[PDB]
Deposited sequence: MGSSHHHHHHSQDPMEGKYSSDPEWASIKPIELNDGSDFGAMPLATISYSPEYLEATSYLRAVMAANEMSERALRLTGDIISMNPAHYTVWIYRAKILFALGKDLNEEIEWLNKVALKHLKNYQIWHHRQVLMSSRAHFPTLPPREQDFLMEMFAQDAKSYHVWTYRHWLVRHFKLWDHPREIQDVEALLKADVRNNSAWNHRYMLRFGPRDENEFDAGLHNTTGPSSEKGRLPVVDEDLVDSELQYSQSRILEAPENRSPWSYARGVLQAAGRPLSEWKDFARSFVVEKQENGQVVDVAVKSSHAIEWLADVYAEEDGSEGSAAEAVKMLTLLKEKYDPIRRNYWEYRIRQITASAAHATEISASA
């Protein structure tokens, strides 16, 4: 073994693996580890038991990571060492970038990154090439959940909601694939996500109010709302069946306290007339417009018509949900009729 014969490691004795192949019955789902991994992890057990914060221990974590980057314990212990020894975290980030590029789907790497980057002493401001590296990751997997989650944290930590690269990178990703829902979600955070430093983080404003009003902004910037709705319409016209911008628009209207009927004419434009339908989302939009924000007679029947188109032709797998909505609307109209 490389560790057992290294004088660098002579001062500590490894802790042999206790699998359970001795205590009694045979353990389940065992792995016949390679000799190298067995030795390394036996030395890791020893250094962690002694709470050792050293350069050799740091190198050991790096070696184990090169064999198994899905070892959650080693990442956490590595972070402890880095801080305890006052290591250059700029160098650790440069090393971490290489690991991340080799293991695109590994999420442990990205929590580790957050742990390091959260240190104000080492990273008082946004590093000059941090956003570029995120784009290097997105160029390979544009919907990576862990990278997007890290980017959300990054925006909050360094207060980047109005930073031009955040919106520029979103728009670049949406130019490449307008159906990238991860990019739309980030855009919502940038434009309408809560920013109050004295509050716990939240995806939506007004979580202290009634749940039906979750998302409602305390103060609305009307020009910003108009601009975001116009952006949404423009993207929709590029691909009308794309759910993401329709959902984004619903979110914006909810945030602004505006009714869905503001897009009544827009929604109608995708259902001209036999009916030629260019978007099922337009149908669902009209359904909600006629059902909720319209209190005139005939409106309920129109909503039911839209939902029937959905259940029979344009989104039939969700028939049971469409029928539920029809029953809700029918009961509502009946209650109104009783009055």
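| request: Report the unmodelled segments of the deposited sequence as residue ranges counted from 1. | output: Missing C-alpha atoms (numbering from 1) occur across the ranges 1 to 16, 290 to 297, 364 to 367.
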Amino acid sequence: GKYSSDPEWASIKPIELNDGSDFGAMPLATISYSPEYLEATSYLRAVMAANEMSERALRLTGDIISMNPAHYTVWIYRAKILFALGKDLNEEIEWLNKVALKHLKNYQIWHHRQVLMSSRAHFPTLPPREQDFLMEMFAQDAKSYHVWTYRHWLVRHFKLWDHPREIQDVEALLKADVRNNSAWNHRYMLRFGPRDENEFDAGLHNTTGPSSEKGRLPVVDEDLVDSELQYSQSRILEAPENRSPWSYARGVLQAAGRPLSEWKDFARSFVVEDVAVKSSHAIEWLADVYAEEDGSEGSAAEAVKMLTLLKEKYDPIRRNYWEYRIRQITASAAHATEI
From here on, numbers count along this sequence of modelled residues.
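When the other PDB entries of this protein are compared, is residue 274 left blank in at least a third of them?
Yes: coordinates for residue 274 absent from at least a third of the compared entries.
- [ ] Output the stretch having the higher mean C-alpha B factor in the entry; the candidates are 118 to 126 and 171 to 179.
- [x] Here the higher of the two C-alpha B-factor means belongs to 118 to 126.
Margin query: Which is higher on mean Cα B factor in this entry, 193 to 201 or 101 to 109?
Written below: On average, C-alpha B-factors are higher across 193 to 201.
query: Which one of 163, 264, 71, 250 shows the top CA temperature factor in the record?
result: That would be 264.
Selection from 50, 309, 286, 29 [criterion: highest C-alpha temperature factor in the record]
The record points to 50.
Tell me, lowest, middle or highest third: where does the Cα B factor of residue 13 rank within its chain? Highest third, going by the recorded CA B-factors of the chain.
Relative C-alpha B-factor of residue 144, binned into the chain's lowest, middle or highest third: Lowest third - that is where residue 144 ends up once the chain's C-alpha B-factors are sorted.
Once the chain's modelled residues are ordered by C-alpha B factor and cut into thirds, is residue 245 in the lowest, middle or highest one?
-> For residue 245, the deposited C-alpha B-factor lands in the lowest third.
Where does the C-alpha B-factor of residue 22 rank in its chain, lowest, middle or highest third? Highest third of the chain for residue 22's C-alpha B-factor.
Q.
Please say which third, lowest, middle or highest, residue 229 falls into when its CA temperature factor is compared across its chain.
A. Middle third of the chain for residue 229's C-alpha B-factor.
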